[PDB]
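Following: one structure in structure tokens, then a few remarks.
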Amino acid sequence: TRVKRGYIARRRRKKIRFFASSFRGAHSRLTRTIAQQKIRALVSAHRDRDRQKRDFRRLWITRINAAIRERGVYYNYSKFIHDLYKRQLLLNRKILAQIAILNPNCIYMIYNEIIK
Amino acid sequence: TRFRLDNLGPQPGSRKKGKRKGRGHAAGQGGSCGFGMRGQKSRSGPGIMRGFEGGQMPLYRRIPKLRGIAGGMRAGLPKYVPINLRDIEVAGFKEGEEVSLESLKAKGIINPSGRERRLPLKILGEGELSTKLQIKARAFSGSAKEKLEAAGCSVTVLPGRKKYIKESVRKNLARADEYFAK
RNA sequence: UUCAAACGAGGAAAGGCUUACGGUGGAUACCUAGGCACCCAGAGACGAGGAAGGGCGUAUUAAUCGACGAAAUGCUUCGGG
RNA sequence: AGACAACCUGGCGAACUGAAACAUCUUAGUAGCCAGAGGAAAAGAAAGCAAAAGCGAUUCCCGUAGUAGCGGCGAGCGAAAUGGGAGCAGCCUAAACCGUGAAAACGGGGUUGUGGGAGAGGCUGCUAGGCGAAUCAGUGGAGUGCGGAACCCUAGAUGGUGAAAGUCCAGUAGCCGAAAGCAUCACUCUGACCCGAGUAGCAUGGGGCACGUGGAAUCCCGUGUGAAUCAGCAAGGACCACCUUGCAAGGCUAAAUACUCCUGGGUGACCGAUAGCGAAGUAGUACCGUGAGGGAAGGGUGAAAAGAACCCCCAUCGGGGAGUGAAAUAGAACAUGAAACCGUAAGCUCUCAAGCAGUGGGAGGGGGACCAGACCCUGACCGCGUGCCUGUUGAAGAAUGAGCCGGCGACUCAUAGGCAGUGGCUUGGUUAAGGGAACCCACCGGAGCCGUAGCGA
RNA sequence: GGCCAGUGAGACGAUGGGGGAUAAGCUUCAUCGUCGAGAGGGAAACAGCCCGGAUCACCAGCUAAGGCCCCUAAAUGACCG
RNA sequence: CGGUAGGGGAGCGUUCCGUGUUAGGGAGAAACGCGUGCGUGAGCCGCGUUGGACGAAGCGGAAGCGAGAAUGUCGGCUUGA
């Protein structure tokens, strides 16, 4: 019972190639190099999904800081966050920063009535 | 539900499905195939000598050899095909008509086959007989005589050995027994 | 609108990526025109009335392969169709 | 006389290897060469086994048994008898005596073991063949397939036929047949005298029997010695005694058994053109080598050549119309036609950039004959991100490996030992060979093996 | 105790010592950490130091080690030297 | 519920066999190339084009059964140009 391989090889290497078919140069069209590269692509994806969570937060913090410094001359992000928790107020950084963009009136309003 | 060539299958666990070994690292035992990393046991071919201690003197050649087995003296290969009185009682018969090589071989737990098949019986008192039988055998033990004469069994030793001697030996023994007579 | 400053789009390439259609090539699929292994019978030949194997021939017309041997793509006899 | 695949008989006869080195030993009397012959060959009708109980020429299988043993007692090597089968078959010859001198060279008399002799008193098969049942249409190349309606079968084995047929063909089950040739059946003993002689044995040197000289028998050999004749001789694992068994030094002999260059018939959880013989094509060819010798690759237009009349470009090649065809996106470089590699066309997009080429975020632009906060292609610019493998204390490594793409390409099988899982039996279990209208297979075969008593050399 | 593996080149750091020149990313032992076989964060980059042990998803939150002029998250915060 | 050597458990596919001369198939199978389905994955499943006749399951069985590395090997085609 001789068993030729035939079908089973490139039916998977097509699927391997389906990933890399946006890649630039040799990486897109060379079997074993595609196989080497796909892995690395997936690894960089998995790695950067966790970088995502901290990096968006880090952007938001900068946005909020930039927004809040335009009020009083000496008022600053660090103080602002502790002033939120002093009054018991569970707005997360995403919302705060995005309202700071899309409706600065509302940040003015939150800033006004947190101080007292 | 009726059995057909459609329906049949094995029971869970009987047919295991072995280890085709070296076919991907996910299947496990792959790329070197569970032999680690080089050295004598990794290579193809025969292993070593079995019992080899590495050039240290092997056990099987630094211990003396078991008294009798060290030049001649055939090991004590057993004679007599021992039954016991304890083992007889389970195979019951009232007037146990000659408990011998015949009757026991017909049923009673005794399958002599090889060189066993040329041997007589020794009867050995492991214990007790509730019934009175007639025994026909060679040689009995010290307990067996006591327990058989206590049970009341018509016990008969039957020899059939017949050693050739030599005329001179018979003359000498006839001299001996003759002297013992007077 | 005159000119001073800023800003620089929209057009515009050999090439890149994507899709399509070709070529090269003969993988995979399906296949057979040849092999392989067993079992049951046989057989293990032929040769000095010239062998095994070859050289050279032999058709109405070039080459080869088989057939055949100066009786040379065949001759005689007895059977079958 | 020479040739002849293997098998076989006889002659000579390695080494690598194993012993973790190596010389005894193992490889092995194997490979090789040489000679010889058959369908088998060799063996073979007891100077034999065995134990006081018996068996009756060989040879082969199961078994005893990996036991008894041998072994630098190391590596290893390793029997036989008892027991079960397959298959069976037994013969002839010389002298003592006779005749034609006399071992001048011829015929008769006899050849046997728990002692025997002579002497004196046409039949079938094979090699050619033959007869041989039963279906028709619809189905848009073609129908054996589909739905429909039938029929045969002692024929539903096979191969073909425009598409897969029990009923289209050749066939098959079933029956029939040979002039000619090959195989098969067709009373006494003088205890005179006989009992295989340079023989056995012996000394000494060896070989081989599982047995390495060892207590070393049995069998065969160079050297030297050198018997006896059934009141005998030899064997029974030195050797002597007593028992038992046999008759050495002359021959012949079918079967069961071994094998495949090969023929016929059947079969395949065999191959399908990088496979299967090296060899699917005029292959041991082409080619290489002084020579022995080495040794390739190259299958698939169609059902049918119907293989393209004619016209145009035109010296050819080739091409486009025409025509054939189911198809010429089947045109001979012709069937399905993947990848690398080479282009052509469209969407987006790079010329102040720095980059293992991706990845998360995503500016601006483009869609898909199907109205989506959905989806896809591109990707301004940002952040992250030291190719894979092997192999290392440690590898982005300037350590190793791969030009790329496709195929081929590696823990298997046989037999045993241990262990686990599962099943069957537990009146303990199980059969081996071997037998089966073959192979599997019901059903037999209990010979052996394992368990049922240890202790001790 | 049964069945069945790999390993038997280790490396650095802290301490206790030996050898060395109380030289070595040196060498050899003893006790423990990490790497080896361990990603992530701090250390510009940086196996072996510090923090912490990655089942997987979230465009939520709190913190360890370490930090808060800009490149680059957070005080161009405070008071005394 | 990090994980190299390494051990254990659970699976997917490949060709061939039983079931099966099954249904499914010249109103289009195998293949070949594409999918805004599915799964933890190996893989599965529907599509209409090219293709022109083979042949799924399910329950079971057996192996020439899975490739990227061997200065592997055969064939094709690059680079240097």
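Residues are named by chain letter and number: chains run A, B, ... in the order of the structure tokens, numbers start at 1 in each chain, and ligands are numbered from 1 in the order shown.
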
When you get a sec, could you note down which chain A residues fall within 12 Å of chain D, using only C-alpha atoms (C1' of nucleotides), as number ranges by chain?
A: 1-7, 9-11, 13-14, 17, 19-56, 58-59

Could you please tell me, as a VMD selection string, which residues of chain B have an atom within 9 Å of chain D when using only C-alpha atoms (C1' of nucleotides)?
chain B and resid 11 to 16 20 to 22 33 44 48 to 49 54 to 55 66 to 70 73 to 76 82 to 83 87 109 to 110 113 to 115 162 to 168

Give me the residues within 12 Å of residue F:3 as a list in words, counting only C-alpha atoms (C1' of nucleotides) and dropping any in the same chain fewer than 5 places off.
residues 36, 37, 38, 39, 53 and 54 of chain E

Residue with smallest distance to chain E - pool B:9, B:34, B:78, B:160, counting only C-alpha atoms (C1' of nucleotides)
B:34

What lies within 9 Å of stretch 19-31 of chain C using only C-alpha atoms (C1' of nucleotides), ignoring chain neighbours under 3 positions off, as a PyMOL selection string?
(chain A and resi 6-7) or (chain D and resi 272+300+336-339+341-347+377+406-407) or (chain F and resi 30-32+53-54+76-77)

Proximal residues of chain E relative to chain A (only C-alpha atoms (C1' of nucleotides); 9 Å) as a PDB file with N, CA, C and O atoms (P, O5', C5', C4', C3', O3' and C1' of nucleotides), in the first residue's frame:
ATOM      1  P     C E  58      -8.657  41.463  23.507  1.00  0.00           P
ATOM      2  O5'   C E  58      -9.736  42.001  24.545  1.00  0.00           O
ATOM      3  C5'   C E  58     -10.968  42.602  24.112  1.00  0.00           C
ATOM      4  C4'   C E  58     -11.464  43.553  25.170  1.00  0.00           C
ATOM      5  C3'   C E  58     -10.477  44.623  25.619  1.00  0.00           C
ATOM      6  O3'   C E  58     -10.452  45.702  24.683  1.00  0.00           O
ATOM      7  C1'   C E  58     -11.547  43.647  27.504  1.00  0.00           C
ATOM      8  P     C E  59      -9.121  46.022  23.821  1.00  0.00           P
ATOM      9  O5'   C E  59      -8.386  47.112  24.725  1.00  0.00           O
ATOM     10  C5'   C E  59      -7.951  48.382  24.203  1.00  0.00           C
ATOM     11  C4'   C E  59      -8.729  49.523  24.816  1.00  0.00           C
ATOM     12  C3'   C E  59     -10.175  49.241  25.198  1.00  0.00           C
ATOM     13  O3'   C E  59     -10.559  50.143  26.228  1.00  0.00           O
ATOM     14  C1'   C E  59     -10.131  50.717  23.359  1.00  0.00           C
ATOM     15  P     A E  60     -11.721  49.750  27.247  1.00  0.00           P
ATOM     16  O5'   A E  60     -10.923  49.345  28.565  1.00  0.00           O
ATOM     17  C5'   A E  60     -10.272  50.334  29.385  1.00  0.00           C
ATOM     18  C4'   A E  60     -11.058  50.562  30.653  1.00  0.00           C
ATOM     19  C3'   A E  60     -10.234  50.823  31.910  1.00  0.00           C
ATOM     20  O3'   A E  60     -10.019  52.219  32.086  1.00  0.00           O
ATOM     21  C1'   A E  60     -11.739  49.051  32.317  1.00  0.00           C
ATOM     22  P     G E  61      -8.778  52.758  32.947  1.00  0.00           P
ATOM     23  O5'   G E  61      -8.995  52.093  34.375  1.00  0.00           O
ATOM     24  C5'   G E  61      -9.731  52.782  35.394  1.00  0.00           C
ATOM     25  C4'   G E  61      -9.788  51.950  36.646  1.00  0.00           C
ATOM     26  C3'   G E  61      -8.521  51.918  37.485  1.00  0.00           C
ATOM     27  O3'   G E  61      -8.381  53.065  38.320  1.00  0.00           O
ATOM     28  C1'   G E  61      -9.357  49.728  37.241  1.00  0.00           C
ATOM     29  P     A E  73       5.164  61.584  27.019  1.00  0.00           P
ATOM     30  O5'   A E  73       4.436  60.676  28.104  1.00  0.00           O
ATOM     31  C5'   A E  73       3.204  59.986  27.825  1.00  0.00           C
ATOM     32  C4'   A E  73       2.649  59.372  29.092  1.00  0.00           C
ATOM     33  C3'   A E  73       2.897  60.155  30.377  1.00  0.00           C
ATOM     34  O3'   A E  73       1.872  61.132  30.510  1.00  0.00           O
ATOM     35  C1'   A E  73       3.558  57.915  30.695  1.00  0.00           C
ATOM     36  P     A E  74       2.227  62.682  30.756  1.00  0.00           P
ATOM     37  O5'   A E  74       2.109  62.819  32.343  1.00  0.00           O
ATOM     38  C5'   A E  74       1.020  62.236  33.100  1.00  0.00           C
ATOM     39  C4'   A E  74       1.480  61.846  34.489  1.00  0.00           C
ATOM     40  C3'   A E  74       2.235  62.919  35.270  1.00  0.00           C
ATOM     41  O3'   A E  74       1.341  63.744  36.004  1.00  0.00           O
ATOM     42  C1'   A E  74       3.453  60.886  35.330  1.00  0.00           C
ATOM     43  P     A E  75       1.361  65.330  35.801  1.00  0.00           P
ATOM     44  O5'   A E  75       2.668  65.780  36.585  1.00  0.00           O
ATOM     45  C5'   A E  75       2.678  65.884  38.019  1.00  0.00           C
ATOM     46  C4'   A E  75       3.195  67.231  38.449  1.00  0.00           C
ATOM     47  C3'   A E  75       4.442  67.662  37.678  1.00  0.00           C
ATOM     48  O3'   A E  75       4.482  68.929  37.033  1.00  0.00           O
ATOM     49  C1'   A E  75       4.910  67.502  40.017  1.00  0.00           C
TER      50        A E  75
END

Tell me, in Å to one decimal, how far atom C1' of residue C:78 is from atom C1' of residue D:130.
20.0 Å

Would you kindly report the residues of chain E within 10 Å of chain B, using only C-alpha atoms (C1' of nucleotides), as a list in words?
residues 5, 6 and 7 of chain E

Written selection (C-alpha atoms (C1' of nucleotides)) as a PDB file, in the first residue's frame:
ATOM      1  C1'   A E   5      12.617   8.360  30.606  1.00  0.00           C
ATOM      2  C1'   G E   6      16.126  12.039  30.063  1.00  0.00           C
ATOM      3  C1'   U E   7      20.436  13.734  32.630  1.00  0.00           C
TER       4        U E   7
END

Excluding residue D:286 and any residue of its chain fewer than 2 positions from it, enumerate the residues within 12 Å of it, using only C-alpha atoms (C1' of nucleotides), and give them as a count of residues only.
7

Residues flagged strand (DSSP E or B) by DSSP in chain B, as a VMD selection string:
chain B and resid 82 99 122 134 to 137 154 to 157

Save out the residues we just selected, C-alpha atoms, as a PDB file, in the first residue's frame.
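So part.pdb came out as:
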ATOM      1  CA  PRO B  82       3.914 -35.115  44.756  1.00  0.00           C
ATOM      2  CA  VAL B  99      -6.110 -43.669  43.745  1.00  0.00           C
ATOM      3  CA  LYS B 122       4.665 -39.835  46.473  1.00  0.00           C
ATOM      4  CA  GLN B 134      -7.679 -47.886  48.475  1.00  0.00           C
ATOM      5  CA  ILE B 135      -4.370 -46.289  47.417  1.00  0.00           C
ATOM      6  CA  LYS B 136      -1.863 -47.713  44.891  1.00  0.00           C
ATOM      7  CA  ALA B 137       1.450 -45.921  44.577  1.00  0.00           C
ATOM      8  CA  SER B 154      -6.016 -50.219  52.176  1.00  0.00           C
ATOM      9  CA  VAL B 155      -2.614 -48.756  51.284  1.00  0.00           C
ATOM     10  CA  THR B 156      -0.284 -50.756  49.002  1.00  0.00           C
ATOM     11  CA  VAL B 157       3.234 -49.795  47.912  1.00  0.00           C
TER      12      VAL B 157
END

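Note that atom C1' of residue E:8 and atom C1' of residue D:393 are 15.6 Å apart.
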
Could you pull out the helix (DSSP H, G or I) residues of chain B, going by DSSP on the backbone, and write them as a PyMOL selection string?
chain B and resi 59-61+85-89+101-106+115-118+142-151+167-181

Those selected residues, please, written with N, CA and C atoms and delivered as a compact mmCIF listing (two decimals), in the first residue's frame.
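Okay, this is what ended up in part14.txt:
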# COMPACT_ATOMS: atom_id res chain seq x y z
N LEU B 59 28.32 -7.60 37.97
CA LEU B 59 27.84 -8.48 39.06
C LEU B 59 27.93 -9.94 38.64
N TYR B 60 27.36 -10.23 37.48
CA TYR B 60 27.37 -11.57 36.95
C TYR B 60 28.79 -12.14 36.69
N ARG B 61 29.84 -11.36 36.96
CA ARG B 61 31.20 -11.88 36.94
C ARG B 61 32.07 -11.41 38.11
N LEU B 85 -2.57 -35.33 50.70
CA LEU B 85 -3.85 -35.77 51.24
C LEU B 85 -4.88 -34.65 51.24
N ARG B 86 -4.41 -33.41 51.41
CA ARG B 86 -5.30 -32.25 51.36
C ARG B 86 -5.88 -32.07 49.95
N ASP B 87 -5.04 -32.28 48.93
CA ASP B 87 -5.44 -32.10 47.54
C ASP B 87 -6.35 -33.23 47.00
N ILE B 88 -6.27 -34.42 47.61
CA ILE B 88 -7.09 -35.57 47.20
C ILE B 88 -8.56 -35.37 47.58
N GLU B 89 -8.80 -34.92 48.81
CA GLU B 89 -10.16 -34.82 49.35
C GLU B 89 -11.18 -34.08 48.49
N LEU B 101 -1.77 -43.20 39.47
CA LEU B 101 -1.47 -42.48 38.23
C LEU B 101 -2.59 -42.55 37.19
N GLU B 102 -3.42 -43.60 37.22
CA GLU B 102 -4.54 -43.70 36.28
C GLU B 102 -5.69 -42.75 36.61
N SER B 103 -6.22 -42.89 37.82
CA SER B 103 -7.48 -42.25 38.20
C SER B 103 -7.31 -40.73 38.30
N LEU B 104 -6.23 -40.32 38.94
CA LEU B 104 -5.92 -38.91 39.10
C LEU B 104 -5.65 -38.25 37.75
N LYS B 105 -4.97 -38.95 36.85
CA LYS B 105 -4.74 -38.43 35.51
C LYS B 105 -6.02 -38.34 34.71
N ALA B 106 -6.95 -39.26 34.95
CA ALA B 106 -8.29 -39.18 34.34
C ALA B 106 -8.98 -37.88 34.70
N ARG B 115 9.02 -35.15 30.79
CA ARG B 115 9.70 -36.13 31.65
C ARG B 115 8.94 -36.50 32.94
N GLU B 116 8.02 -35.64 33.38
CA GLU B 116 7.07 -35.96 34.48
C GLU B 116 6.31 -37.27 34.26
N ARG B 117 5.94 -37.52 33.01
CA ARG B 117 5.12 -38.66 32.63
C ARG B 117 5.73 -40.04 32.95
N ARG B 118 7.05 -40.10 33.14
CA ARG B 118 7.70 -41.36 33.53
C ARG B 118 7.80 -41.60 35.05
N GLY B 142 6.17 -39.63 56.09
CA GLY B 142 6.08 -39.98 57.51
C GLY B 142 4.71 -39.71 58.11
N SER B 143 4.11 -38.59 57.72
CA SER B 143 2.77 -38.21 58.16
C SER B 143 1.70 -39.03 57.45
N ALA B 144 1.94 -39.32 56.17
CA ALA B 144 1.00 -40.00 55.30
C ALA B 144 0.69 -41.40 55.81
N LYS B 145 1.71 -42.09 56.29
CA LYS B 145 1.52 -43.43 56.85
C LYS B 145 0.63 -43.37 58.08
N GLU B 146 0.89 -42.38 58.93
CA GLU B 146 0.16 -42.19 60.17
C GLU B 146 -1.31 -41.86 59.92
N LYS B 147 -1.55 -40.93 59.01
CA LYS B 147 -2.89 -40.47 58.70
C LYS B 147 -3.71 -41.48 57.91
N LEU B 148 -3.03 -42.30 57.13
CA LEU B 148 -3.69 -43.34 56.33
C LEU B 148 -4.06 -44.53 57.20
N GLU B 149 -3.13 -44.95 58.07
CA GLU B 149 -3.43 -45.98 59.06
C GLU B 149 -4.42 -45.51 60.11
N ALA B 150 -4.58 -44.20 60.32
CA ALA B 150 -5.60 -43.66 61.18
C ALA B 150 -6.94 -43.60 60.47
N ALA B 151 -6.94 -43.28 59.18
CA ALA B 151 -8.16 -43.23 58.39
C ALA B 151 -8.72 -44.62 58.13
N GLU B 167 26.26 -60.89 39.16
CA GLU B 167 26.33 -62.15 39.88
C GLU B 167 27.19 -62.06 41.13
N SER B 168 28.28 -61.30 41.05
CA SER B 168 29.22 -61.13 42.13
C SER B 168 28.64 -60.34 43.29
N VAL B 169 27.91 -59.28 42.95
CA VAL B 169 27.23 -58.46 43.94
C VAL B 169 26.17 -59.27 44.69
N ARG B 170 25.41 -60.08 43.95
CA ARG B 170 24.44 -60.97 44.55
C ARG B 170 25.11 -62.02 45.42
N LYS B 171 26.27 -62.51 45.03
CA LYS B 171 27.02 -63.44 45.87
C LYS B 171 27.41 -62.79 47.19
N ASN B 172 27.85 -61.54 47.11
CA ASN B 172 28.29 -60.79 48.27
C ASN B 172 27.14 -60.49 49.24
N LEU B 173 26.01 -60.09 48.68
CA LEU B 173 24.83 -59.79 49.46
C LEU B 173 24.18 -61.05 50.04
N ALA B 174 24.21 -62.16 49.31
CA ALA B 174 23.83 -63.46 49.81
C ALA B 174 24.72 -63.93 50.94
N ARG B 175 26.00 -63.61 50.87
CA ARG B 175 26.94 -63.88 51.97
C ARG B 175 26.53 -63.09 53.22
N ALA B 176 26.25 -61.81 53.00
CA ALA B 176 25.83 -60.89 54.05
C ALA B 176 24.55 -61.31 54.80
N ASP B 177 23.48 -61.49 54.03
CA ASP B 177 22.19 -61.93 54.53
C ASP B 177 22.28 -63.32 55.14
N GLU B 178 23.12 -64.18 54.56
CA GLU B 178 23.36 -65.51 55.12
C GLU B 178 23.95 -65.40 56.52
N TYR B 179 24.92 -64.51 56.68
CA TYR B 179 25.55 -64.29 57.97
C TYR B 179 24.58 -63.70 58.98
N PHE B 180 23.76 -62.76 58.51
CA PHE B 180 22.73 -62.14 59.33
C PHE B 180 21.72 -63.17 59.83
N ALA B 181 21.43 -64.18 58.99
CA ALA B 181 20.59 -65.31 59.39
C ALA B 181 21.12 -66.04 60.64

Per residue of chain F within 7 Å of chain A, which atom pair is closest and at what distance in Å (one decimal), using only C-alpha atoms (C1' of nucleotides), listed by chain and increasing number, as a tab-separated table?
residue	atom	partner	partner_atom	distance
F:14	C1'	A:5	CA	6.9
F:15	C1'	A:3	CA	4.9
F:16	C1'	A:1	CA	6.1
F:63	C1'	A:1	CA	6.6
F:64	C1'	A:2	CA	4.3
F:65	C1'	A:3	CA	6.5
F:68	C1'	A:32	CA	6.1

Atom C1' of residue D:39 and atom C1' of residue C:43, how far apart in Å?
9.0 Å

Could you pull the residues within 9 Å of residue A:67, counting only C-alpha atoms (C1' of nucleotides), minus those fewer than 4 positions along the same chain, as number ranges by chain?
A: 62-63, 71, 77, 97, 100-101, 104, 107

Store the residues picked out above in a file with N, CA and C atoms, as a PDB file, in the first residue's frame.
ATOM      1  N   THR A  62      -2.395  61.535  28.382  1.00  0.00           N
ATOM      2  CA  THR A  62      -1.803  62.720  27.793  1.00  0.00           C
ATOM      3  C   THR A  62      -2.844  63.689  27.291  1.00  0.00           C
ATOM      4  N   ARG A  63      -3.906  63.154  26.687  1.00  0.00           N
ATOM      5  CA  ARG A  63      -5.029  63.975  26.237  1.00  0.00           C
ATOM      6  C   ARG A  63      -5.681  64.735  27.393  1.00  0.00           C
ATOM      7  N   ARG A  71      -7.070  75.123  32.181  1.00  0.00           N
ATOM      8  CA  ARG A  71      -7.882  75.797  33.208  1.00  0.00           C
ATOM      9  C   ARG A  71      -7.019  76.738  34.075  1.00  0.00           C
ATOM     10  N   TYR A  77      -2.752  67.207  35.789  1.00  0.00           N
ATOM     11  CA  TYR A  77      -3.339  65.858  35.771  1.00  0.00           C
ATOM     12  C   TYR A  77      -3.255  65.096  37.095  1.00  0.00           C
ATOM     13  N   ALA A  97     -11.168  61.432  28.493  1.00  0.00           N
ATOM     14  CA  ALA A  97     -10.356  61.930  27.398  1.00  0.00           C
ATOM     15  C   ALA A  97     -11.218  62.137  26.165  1.00  0.00           C
ATOM     16  N   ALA A 100     -13.326  65.107  26.598  1.00  0.00           N
ATOM     17  CA  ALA A 100     -12.407  66.234  26.460  1.00  0.00           C
ATOM     18  C   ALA A 100     -12.229  66.631  25.006  1.00  0.00           C
ATOM     19  N   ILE A 101     -12.190  65.660  24.099  1.00  0.00           N
ATOM     20  CA  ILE A 101     -12.241  65.990  22.664  1.00  0.00           C
ATOM     21  C   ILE A 101     -13.600  66.469  22.152  1.00  0.00           C
ATOM     22  N   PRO A 104     -15.729  69.658  24.992  1.00  0.00           N
ATOM     23  CA  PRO A 104     -14.891  70.334  26.022  1.00  0.00           C
ATOM     24  C   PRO A 104     -15.662  71.135  27.097  1.00  0.00           C
ATOM     25  N   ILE A 107     -16.008  68.898  30.053  1.00  0.00           N
ATOM     26  CA  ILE A 107     -14.817  68.930  30.907  1.00  0.00           C
ATOM     27  C   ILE A 107     -14.740  70.223  31.726  1.00  0.00           C
TER      28      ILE A 107
END

Residue contacts of residue D:375 (12 Å, only C-alpha atoms (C1' of nucleotides)) excluding same-chain residues fewer than 5 positions away, as a VMD selection string
(chain D and resid 367 to 368) or (chain F and resid 36)

I need the chosen residues saved as a PDB file, in the first residue's frame, with C-alpha atoms (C1' of nucleotides).
ATOM      1  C1'   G D 367     -14.658  48.910  -4.778  1.00  0.00           C
ATOM      2  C1'   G D 368     -18.589  44.424  -5.661  1.00  0.00           C
TER       3        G D 368
ATOM      4  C1'   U F  36     -17.699  38.434   4.618  1.00  0.00           C
TER       5        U F  36
END
